[PDB]
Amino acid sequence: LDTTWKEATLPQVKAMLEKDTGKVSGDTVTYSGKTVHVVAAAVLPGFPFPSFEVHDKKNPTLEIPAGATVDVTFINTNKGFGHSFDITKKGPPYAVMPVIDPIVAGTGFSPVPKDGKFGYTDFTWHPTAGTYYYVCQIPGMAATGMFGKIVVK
């Protein structure tokens, strides 16, 4: 797993969130091009706990073209928590301790927010076509809705 992290101030977090290259319609975010840039955050201020936000949407379904390089940036903005972002082929419902191996791409547990800053990381992903899920592995979070769907085709 990706377990290397950097720290960002709030202006840096805002700058990064705006680099998501998706296009929104309803609760779907659609990506296009040779390399696509997904920027996800764990519980942005005021969004429902527990959830991921991508392109300002709660747990949206990501539509990714087959053959694209997927550059994921994951930011943990939720004070007191160490959320992860892990992609799996296993769908819901998830147990309190989700059983989702193998994790095809994703992170360990993130640093908890500290010192006025937020931990984030970047990883790359080259999926085969199919359906995937992005899931948090902190106990109980996926069971209470902290996941979303990815369609690569």
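Note that residue numbering begins at 1 and tracks the sequence as displayed.
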- In terms of the chain's CA B-factor thirds, is residue 119 lowest, middle or highest? lowest
- Item | Position of residue 111 among the chain's modelled residues by C-alpha B-factor, lowest, middle or highest third | middle
- Query: Relative to the other modelled residues in the chain, which third contains the C-alpha temperature factor of residue 137: lowest, middle or highest?
  - Reply: middle
- Note on the structure: Chain-relative C-alpha B factor for residue 150 (record values, thirds): the lowest
- residue 49: which third of its chain by C-alpha temperature factor? highest
